[PDB]
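# Structure assessment
If you want the building blocks of each chain, they are given just below.
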Amino acid sequence: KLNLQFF
Amino acid sequence: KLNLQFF
Amino acid sequence: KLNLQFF
Amino acid sequence: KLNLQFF
Amino acid sequence: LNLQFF
Amino acid sequence: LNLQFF
Amino acid sequence: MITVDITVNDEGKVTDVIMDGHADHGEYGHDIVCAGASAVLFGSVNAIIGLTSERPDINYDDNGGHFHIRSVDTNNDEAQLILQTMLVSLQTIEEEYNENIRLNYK
Amino acid sequence: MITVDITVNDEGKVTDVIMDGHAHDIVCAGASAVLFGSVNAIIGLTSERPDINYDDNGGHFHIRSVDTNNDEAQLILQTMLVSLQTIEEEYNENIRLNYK
Amino acid sequence: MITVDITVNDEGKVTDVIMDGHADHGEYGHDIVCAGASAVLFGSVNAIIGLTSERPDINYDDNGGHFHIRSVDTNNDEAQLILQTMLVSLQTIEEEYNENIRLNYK
Amino acid sequence: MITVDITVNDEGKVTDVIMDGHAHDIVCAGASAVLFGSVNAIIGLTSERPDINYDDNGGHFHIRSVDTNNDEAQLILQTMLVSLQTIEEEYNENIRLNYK
Amino acid sequence: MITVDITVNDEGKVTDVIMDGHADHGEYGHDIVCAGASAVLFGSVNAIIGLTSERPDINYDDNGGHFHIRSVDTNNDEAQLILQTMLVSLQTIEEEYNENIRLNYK
Amino acid sequence: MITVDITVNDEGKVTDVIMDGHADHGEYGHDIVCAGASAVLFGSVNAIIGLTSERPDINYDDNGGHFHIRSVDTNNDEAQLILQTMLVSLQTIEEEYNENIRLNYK
Ligand SMILES: [Ca+2]
Ligand SMILES: [Ca+2]
Ligand SMILES: [Ca+2]
Ligand SMILES: [Ca+2]
Ligand SMILES: [Ca+2]
Ligand SMILES: [Ca+2]
Ligand SMILES: [Ca+2]
Ligand SMILES: [Ca+2]
Ligand SMILES: [Ca+2]
Ligand SMILES: [Ca+2]
Ligand SMILES: [Ca+2]
Ligand SMILES: [Ca+2]
Ligand SMILES: [Ca+2]
Ligand SMILES: [Ca+2]
Ligand SMILES: [Ca+2]
Ligand SMILES: [Ca+2]
């Protein structure tokens, strides 16, 4: 749902 | 010169 | 309808 | 690499 | 520098 | 003219 | 000088053409370039209406020297072909009467 | 929707404003008063005589600048557009501003 | 570097935001700037969906480093306020991490 | 509608192409083959390795140029866009090309 | 009038500043918008060279009111913040001396 | 690379041509894209001055590969057709010598 290391 | 419902 | 000296 | 209905 | 160039 | 300017 | 300001979108469709000004080549009743541009303009609009299903939004100044065409259906091929035809026709005039009509894009 | 087409040249002058379309309509009154007043202002307060064309029937008005280096006429065009922009901000659906 | 390319129309509405690239500030699991931008991005989209009636067209790369938001209803004030909030938030990051995130307009 | 967003920089290089949306659909096949083939061509025929991102589900593909001064990769992007433009000309309603 | 032609690329960097013309505020030796703009431009270039690694490509007309600055390393943050500062300064002159200097972007 | 930066205004006139850099095709005294572009530019300027009423504002760097042409009378058709001819010529070089000269409009 949320990835905190997506970017 | 003016007409207030021109637009 | 058409004016030939319009422009 | 290709899929012909990708768009 | 040239202060009057412009 | 200067033919090698560019 | 008659100004022709032509808007083209990024697909090359003509969304707006505004024609403004007077040719200034002759005096009223005898100006060629005026007649030329007038016939092409009025006929092209007539053609769009009478030959296609596009109904453009049209505005003009009774007193003359000002006409505005705005396309509604940019996806009407026929109305667009007619607009490029009109364009190349006023273009044709501009080539020989540079000083009296100018076409300006976007 | 009223469409406002604004042309700015290479030197940052407004050469052209075209207003077209229609918004007891208060967005209309708003844009009408701003347009007509600004034109009045340009002619009554500056040197500039813009070339003006409009349709008798409404929904169409076109201003072309003659002296694009008249700062005052320019400041008044900028203020006109600030004002129409001010209305657009609360009536997003009824005006479109477009730069060319 | 994360690139943020933001399209604004001529009324100042945000039609598209594309975020691409990886921050490169840390290694995967420990990159601050990444976490910063990730939290702001994902939360803002969540906020648009959960707090407004706008349903943007959303696409992203599973593998990460690529997200695209496109507005449907540009006349939704709430979704736009949320987009400017997100923008000023990634802006806030950029101010201190110039080298890791760049915002690019139009 | 498939939207094709093309970015050209100050030096006339294509930096970005984004294709998004959807057109037994033959406009789709047309645009798909042109896109995938052109990318194949850039990587198999030039030095350039573009940065590529796409959605697993379709309707979304994004090419970013790395070496914008690779003439060959550029010529192939120009030819890709000529080709999508060629389809657009007969299927006006199903593709939009947009320059930024 | 001094013209200031500024080029900002797609990444928000200033690639090009061309300044051309004379202020025409006073006559040569006592023009103040001239001195203002001259000090800002020469000083900022001095600052770029003395304070950064960047060596811009510079062309000016020996004695003619034409100076052209072109960035080499557009990714040098310091040279960039110096150019932004220069333009903020010339902008600050323009605000009060509109008729003597004009800044035009892209 | 020689850069050719061309400015065309809203009326389709060329206001500005800046040519900067060296072709770098050969070394100085035997570069052929250089000679090509040099002959075209100097000749076209000579032609403007010798064949029209127009006196463009000219700045060049004594010995540095920077020449800047700026139109004064943008309504001089002859000076314009001369500039269009110049650019058609430099364009004709670019077509075969892509890596030595680049023309960029506006
Ligand atoms: Ca028919
Ligand atoms: Ca109308
Ligand atoms: Ca313009
Ligand atoms: Ca007054
Ligand atoms: Ca008029
Ligand atoms: Ca609006
Ligand atoms: Ca626009
Ligand atoms: Ca709410
Ligand atoms: Ca999508
Ligand atoms: Ca660009
Ligand atoms: Ca090869
Ligand atoms: Ca990427
Ligand atoms: Ca289309
Ligand atoms: Ca566009
Ligand atoms: Ca140089
Ligand atoms: Ca000069």
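Every chain here is numbered from 1 following its written sequence, a scheme that can differ from the numbering in the entry; residues without coordinates are not drawn. Chains and ligands are labelled sequentially in the order written, the chains with letters from A and the ligands with numbers from 1. No hydrogens and no water enter the side-chain calculation; it runs on all heavy atoms of the structure. Residues with missing side-chain atoms are left out of burial classes, side-chain pairs and their counts.

### Some thoughts on the overall build of chain H
Within chain H, the regular secondary structure consists of two helices and five strands. Going along the chain from the N terminus, every DSSP run of H or I of four or more residues is numbered as a helix, and every run of E of two or more is numbered as a strand. From first element to last, N terminus to C terminus, chain H shows the α and β order β-β-α-β-β-α-β. Note on method: radius of gyration uses C-alpha positions; expected globular size equals 2.2 Å times residues raised to 0.38. A globule of 100 residues ought to have a C-alpha radius of gyration of about 13 Å, and chain H, at 13 Å, matches this closely. With the C-alpha coordinates of chain H rotated into their principal frame, the extents come out at 35 × 25 × 20 Å.

### Section: the overall build of chain G
Tallying secondary structure elements over chain G gives two helices and five strands in all. The linear arrangement of helices and strands in chain G, starting from the amino end, is β-β-α-β-β-α-β. Against the 2.2 N^0.38 benchmark of 13 Å for 106 residues, chain G shows a C-alpha radius of gyration of 13 Å, consistent with a compact globule. Projected onto the principal axes, the alpha-carbon positions of chain G cover approximately 40 × 25 × 20 Å. When checking whether two residues touch, look at their non-hydrogen atoms; a contact exists if any pair is within 4.5 Å. Restricting to contacts in chain G with at least 6 residues of sequence separation, those with at least 24 account for 54%.

### Some points on the interface of chain A and chain I
Taken residue by residue, the interface counts seven residues in chain A and 23 residues in chain I. Considered class by class, the residues forming the side of chain A that touches chain I number four nonpolar, two polar and one charged. Residues are grouped as follows: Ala, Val, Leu, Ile, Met, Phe, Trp, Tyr, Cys and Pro are nonpolar; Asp, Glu, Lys and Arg are charged; every other residue, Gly included, is polar.

### What to know about the coordination of the calcium ion (ligand 12)
Here a donor is any nitrogen, oxygen or sulfur atom (N, O, S) within 2.8 Å of the metal, with 3.2 Å used for Na, K and Ca; water is not among the atoms considered, so some sites may look incomplete. Distances from the calcium ion (ligand 12) to its protein donors, namely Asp-20 of chain I (OD), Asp-20 of chain I (OD), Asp-51 of chain J (OD), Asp-51 of chain J (OD) and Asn-53 of chain J (OD1), fall within the range 2.1 to 2.8 Å. Of the two residues, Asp-20 of chain I is situated in strand β2 (residues 14–20) and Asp-51 of chain J in strand β3 (residues 51–54); the pairing between them involves two chains. Look at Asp-20 of chain I and you get buried, because its relative accessible area is 9%. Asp-51 of chain J sits in the partly exposed class, given a relative accessible area of 30%. A 1.4 Å probe rolled over the protein chains alone gives each residue an accessible area, and that area as a share of the maximum for its type sets the label: buried under 20%, exposed over 50%, partly exposed in between.

### Some thoughts on the pattern of salt bridges
Think of a salt bridge as a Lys or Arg side-chain nitrogen and an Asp or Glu carboxyl oxygen that are within 4 Å of each other. A full pass over the atoms with the stated rule returns 14 salt bridges over all chains. With its nearest N and O atoms 3.8 Å apart, the salt bridge here joins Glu-11 of chain I to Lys-13 of chain I. Classification of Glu-11 of chain I by relative accessible area gives buried; the value is 18%. Look at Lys-13 of chain I and you get buried, because its relative accessible area is 9%. Between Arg-102 of chain I and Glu-11 of chain K there is a salt bridge whose closest N-O contact spans 3.5 Å. With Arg-102 of chain I in strand β5 (residues 101–105) and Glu-11 of chain K in the loop between β1 (2–8) and β2 (14–20), this pair bridges two chains. If you follow the salt bridges from partner to partner, you end up with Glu-11 and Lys-13 of chain G together with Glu-88 of chain J in one network.

### Focus on the sheet that holds β2 of chain K
Residue and element names in this part refer to chain K. A sheet is described by the order of its strands in space; here five strands give the open sequence β3-β4-β2-β1-β5, paired in mixed fashion. If you trace the sheet from one side to the other, it starts and ends with β3 (57–60) and β5 (101–105), each paired once. This sheet shows a mean twist of 10° between the axes of neighbouring strands, independent of strand direction. Contacting β1, β2, β3, β4 (66–70) and β5, helix α1 (residues 32–51) runs over the sheet at an angle of about 30° to β4. For helices, the fitted axis covers only the stretch in contact; all axes are lines through C-alpha atoms, and the angles between them, taken along N-to-C directions, range from 0 to 180 degrees. The strands that helix α2 (residues 77–96) touches are β1, β2, β4 and β5; relative to β5, the one it contacts most, it runs at about 135°. Note: two strands are recorded as paired if DSSP finds a minimum of 2 bridges between them.

### Observations regarding the arrangement of the chains
At the C-alpha level, the nearest point of chain A lies 35 Å from chain L, with no contact between them. Where chain I comes nearest to chain L, the C-alpha atoms are still 17 Å apart, and the two do not contact one another.

### Structural notes on the interface of chain H and chain B
Often the size quoted for an interface is simply the accessible area lost on bringing the parts together. On the chain B side, the residues contacting the 21 residues of chain H number seven residues. Secondary structure elements with two or more residues in the side of chain H that touches chain B: α1 (26–45) and β4 (60–64) of chain H. If you tally residues by element for the side of chain H that touches chain B, the top one is α1 of chain H, at eight residues. When its residues are assigned to classes, the side of chain H that touches chain B shows eleven nonpolar, eight polar and two charged.

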